[PDB]
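Only one chain comes next, encoded as C-alpha coordinates, the form deposited in one PDB entry.
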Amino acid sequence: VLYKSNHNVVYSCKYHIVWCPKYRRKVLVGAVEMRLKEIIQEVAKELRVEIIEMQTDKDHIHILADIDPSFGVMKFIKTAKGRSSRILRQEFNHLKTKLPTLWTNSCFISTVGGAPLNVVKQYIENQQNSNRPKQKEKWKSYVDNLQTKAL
(Lines give C-alpha, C1' and ligand atoms only; values in the text may rest on other atoms or scores of the structure.)
Protein backbone atom coordinates (compact mmCIF):
# COMPACT_ATOMS: atom_id res chain seq x y z
CA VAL A 1 0.00 0.00 0.00
CA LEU A 2 1.46 3.31 -1.11
CA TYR A 3 0.55 6.35 0.96
CA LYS A 4 0.75 9.94 -0.32
CA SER A 5 0.23 13.22 1.49
CA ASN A 6 -0.90 16.76 0.84
CA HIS A 7 0.04 19.76 3.02
CA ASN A 8 -1.89 18.30 5.99
CA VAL A 9 -2.99 14.73 5.40
CA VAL A 10 -1.35 11.32 5.00
CA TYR A 11 -3.62 9.15 2.89
CA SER A 12 -4.39 6.26 0.60
CA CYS A 13 -7.84 6.75 -0.93
CA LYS A 14 -8.84 4.41 -3.71
CA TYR A 15 -12.25 4.35 -5.35
CA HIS A 16 -13.98 1.99 -7.77
CA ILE A 17 -16.36 4.27 -9.66
CA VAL A 18 -18.95 3.26 -12.21
CA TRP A 19 -21.44 5.30 -14.22
CA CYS A 20 -23.66 4.61 -17.25
CA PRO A 21 -24.74 6.52 -20.37
CA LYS A 22 -28.25 7.94 -20.26
CA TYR A 23 -30.91 5.21 -20.57
CA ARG A 24 -28.08 2.64 -20.50
CA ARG A 25 -27.72 3.25 -24.27
CA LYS A 26 -24.96 0.97 -25.52
CA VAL A 27 -22.85 3.80 -26.95
CA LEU A 28 -19.51 3.12 -25.26
CA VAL A 29 -18.05 1.32 -28.24
CA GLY A 30 -15.41 1.88 -30.92
CA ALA A 31 -14.14 5.43 -31.33
CA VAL A 32 -16.55 6.63 -28.64
CA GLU A 33 -15.08 4.20 -26.11
CA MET A 34 -11.52 5.18 -27.13
CA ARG A 35 -12.08 8.94 -26.99
CA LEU A 36 -13.91 8.62 -23.67
CA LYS A 37 -10.88 6.98 -22.01
CA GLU A 38 -8.47 9.54 -23.45
CA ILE A 39 -10.57 12.44 -22.17
CA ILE A 40 -10.76 10.86 -18.71
CA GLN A 41 -7.01 10.31 -18.65
CA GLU A 42 -6.62 14.00 -19.56
CA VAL A 43 -8.99 14.96 -16.76
CA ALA A 44 -7.25 12.75 -14.20
CA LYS A 45 -3.86 14.10 -15.23
CA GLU A 46 -4.84 17.69 -14.58
CA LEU A 47 -6.75 16.91 -11.36
CA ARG A 48 -3.78 14.95 -10.03
CA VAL A 49 -5.87 11.81 -9.90
CA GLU A 50 -4.22 8.49 -10.44
CA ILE A 51 -6.16 6.06 -12.62
CA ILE A 52 -5.08 2.65 -11.41
CA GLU A 53 -7.30 0.81 -13.89
CA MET A 54 -10.01 1.82 -16.33
CA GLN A 55 -12.16 -0.34 -18.59
CA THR A 56 -15.57 0.01 -20.22
CA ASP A 57 -18.28 -2.08 -21.81
CA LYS A 58 -21.19 -1.02 -24.07
CA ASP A 59 -22.99 0.75 -21.21
CA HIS A 60 -20.65 1.13 -18.20
CA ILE A 61 -17.31 2.70 -17.43
CA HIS A 62 -15.34 1.30 -14.51
CA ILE A 63 -12.59 3.39 -12.93
CA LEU A 64 -10.28 2.62 -10.05
CA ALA A 65 -8.88 5.96 -8.90
CA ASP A 66 -6.68 7.17 -6.05
CA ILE A 67 -7.91 10.59 -5.05
CA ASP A 68 -6.80 13.15 -2.52
CA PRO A 69 -9.60 12.96 0.09
CA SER A 70 -9.65 16.74 0.62
CA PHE A 71 -9.96 17.35 -3.11
CA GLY A 72 -12.96 15.07 -3.30
CA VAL A 73 -13.92 12.10 -5.42
CA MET A 74 -17.12 13.90 -6.54
CA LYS A 75 -15.17 16.88 -7.79
CA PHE A 76 -13.31 14.37 -9.98
CA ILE A 77 -16.42 12.52 -11.14
CA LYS A 78 -18.25 15.75 -11.87
CA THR A 79 -15.40 16.91 -14.06
CA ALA A 80 -14.90 13.62 -15.90
CA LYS A 81 -18.60 13.20 -16.72
CA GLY A 82 -19.19 16.85 -17.50
CA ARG A 83 -16.19 17.25 -19.75
CA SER A 84 -16.57 13.92 -21.56
CA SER A 85 -20.23 14.74 -22.18
CA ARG A 86 -19.47 18.18 -23.63
CA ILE A 87 -16.62 16.88 -25.80
CA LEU A 88 -18.08 13.62 -27.05
CA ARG A 89 -21.39 15.28 -27.89
CA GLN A 90 -19.37 17.73 -30.05
CA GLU A 91 -17.39 14.98 -31.79
CA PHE A 92 -20.08 12.34 -32.24
CA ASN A 93 -23.25 13.78 -33.71
CA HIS A 94 -25.37 10.76 -32.66
CA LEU A 95 -24.69 11.48 -28.99
CA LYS A 96 -26.02 15.01 -29.39
CA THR A 97 -29.13 14.45 -31.49
CA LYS A 98 -30.30 11.09 -30.11
CA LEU A 99 -29.75 11.78 -26.39
CA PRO A 100 -30.74 14.70 -24.14
CA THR A 101 -27.49 14.19 -22.15
CA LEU A 102 -24.66 11.64 -22.45
CA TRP A 103 -24.77 10.62 -18.78
CA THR A 104 -27.25 10.21 -15.95
CA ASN A 105 -27.47 12.09 -12.64
CA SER A 106 -26.15 9.10 -10.69
CA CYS A 107 -23.04 6.94 -10.29
CA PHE A 108 -21.79 4.09 -8.11
CA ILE A 109 -18.84 4.60 -5.77
CA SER A 110 -17.09 2.02 -3.59
CA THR A 111 -13.92 2.65 -1.51
CA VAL A 112 -11.07 0.13 -1.71
CA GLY A 113 -8.05 -0.60 0.49
CA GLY A 114 -5.19 -3.05 0.80
CA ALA A 115 -7.09 -5.47 2.99
CA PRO A 116 -10.77 -6.29 3.53
CA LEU A 117 -13.08 -4.46 5.92
CA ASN A 118 -13.10 -7.17 8.60
CA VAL A 119 -9.31 -7.03 8.85
CA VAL A 120 -9.17 -3.27 9.38
CA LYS A 121 -12.12 -3.60 11.78
CA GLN A 122 -10.22 -6.10 13.93
CA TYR A 123 -6.98 -4.12 13.83
CA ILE A 124 -8.81 -1.08 15.17
CA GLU A 125 -10.46 -3.07 17.98
CA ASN A 126 -7.14 -4.73 18.83
CA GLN A 127 -5.44 -1.39 19.59
CA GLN A 128 -5.46 -1.51 23.39
CA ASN A 129 -5.47 -5.31 23.91
CA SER A 130 -1.71 -5.56 23.38
CA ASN A 131 -0.15 -7.42 20.47
CA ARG A 132 -2.91 -9.65 19.13
CA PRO A 133 -2.22 -10.30 15.39
CA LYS A 134 -5.01 -10.78 12.85
CA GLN A 135 -4.00 -14.41 12.16
CA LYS A 136 -1.09 -16.79 11.44
CA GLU A 137 0.02 -15.38 8.07
CA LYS A 138 -3.13 -13.81 6.59
CA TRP A 139 -2.30 -10.14 5.93
CA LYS A 140 0.80 -9.96 8.14
CA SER A 141 2.47 -7.49 5.75
CA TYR A 142 -0.58 -5.21 5.79
CA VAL A 143 -1.05 -5.14 9.56
CA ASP A 144 2.69 -4.76 10.22
CA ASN A 145 3.10 -1.90 7.74
CA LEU A 146 -0.08 -0.34 9.17
CA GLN A 147 1.10 -0.39 12.80
CA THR A 148 4.24 1.33 11.54
CA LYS A 149 2.52 3.97 9.34
CA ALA A 150 -0.21 4.76 11.88
CA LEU A 151 2.33 5.13 14.70
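Definition used throughout: the rigid core is the maximal C-alpha set that superposes within 1.5 Å between two forms. Counting begins at 1, following the sequence as shown. Residues that one form lacks are left out of the comparison.
*asked:* Averaging CA B factors per stretch from the PDB record, which one is higher: 101 to 109 or 35 to 43?
replied: Mean C-alpha B-factor is greater for 35 to 43.
*Ranked by Cα temperature factor within the chain, is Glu50 in the lowest third, the middle third or the highest third?*
As the PDB entry reports it, the C-alpha B-factor of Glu50 lands in the middle third of its chain.
_Ranking every modelled residue in this chain by its Cα temperature factor as given in the entry, which third contains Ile63?_
Bottom third by C-alpha B-factor.
*asked:* Can you tell me whether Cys20 has a C-alpha B-factor in the lowest, middle or highest third compared with the other modelled residues of the same chain?
replied: Middle third - that is where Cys20 ends up once the chain's C-alpha B-factors are sorted.
*Compare the C-alpha B factor of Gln122 with those of the other modelled residues in its chain, then answer lowest, middle or highest third.*
Its C-alpha B-factor, which the entry lists for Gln122, ranks in the highest third among residues of this chain.
*What third of its chain, lowest, middle or highest, does the C-alpha temperature factor of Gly82 fall into?*
According to the entry, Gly82 has a C-alpha B-factor in the chain's lowest third.
The form deposited in another entry exists for this protein as well; it is not shown, and the discussion that follows is about that form.
_Residue showing a 2 Å-or-more C-alpha displacement between the shown form and the other one once the rigid core is overlaid, selected from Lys45, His94, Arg86, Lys121_ = Per the superposition, the moving residue is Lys121.
_Direction of C-alpha distance change in that other deposited form, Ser106 to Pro116 (at least 3 Å)_ = More distant in that other deposited form, by 3 Å or more.
*asked:* So the CA-CA distance for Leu47 and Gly114 moves by at least 3 angstroms in that other deposited form. Closer or farther than here?
replied: Their C-alpha distance shrinks by at least 3 Å in that other deposited form.
*With the core fixed, which bits of the chain, 3+ residues long, show every Cα moving 2 Å or more between the shown form and the other one?*
Core-superposed, just one run shifting 2 Å or more comes out: 114 to 126.
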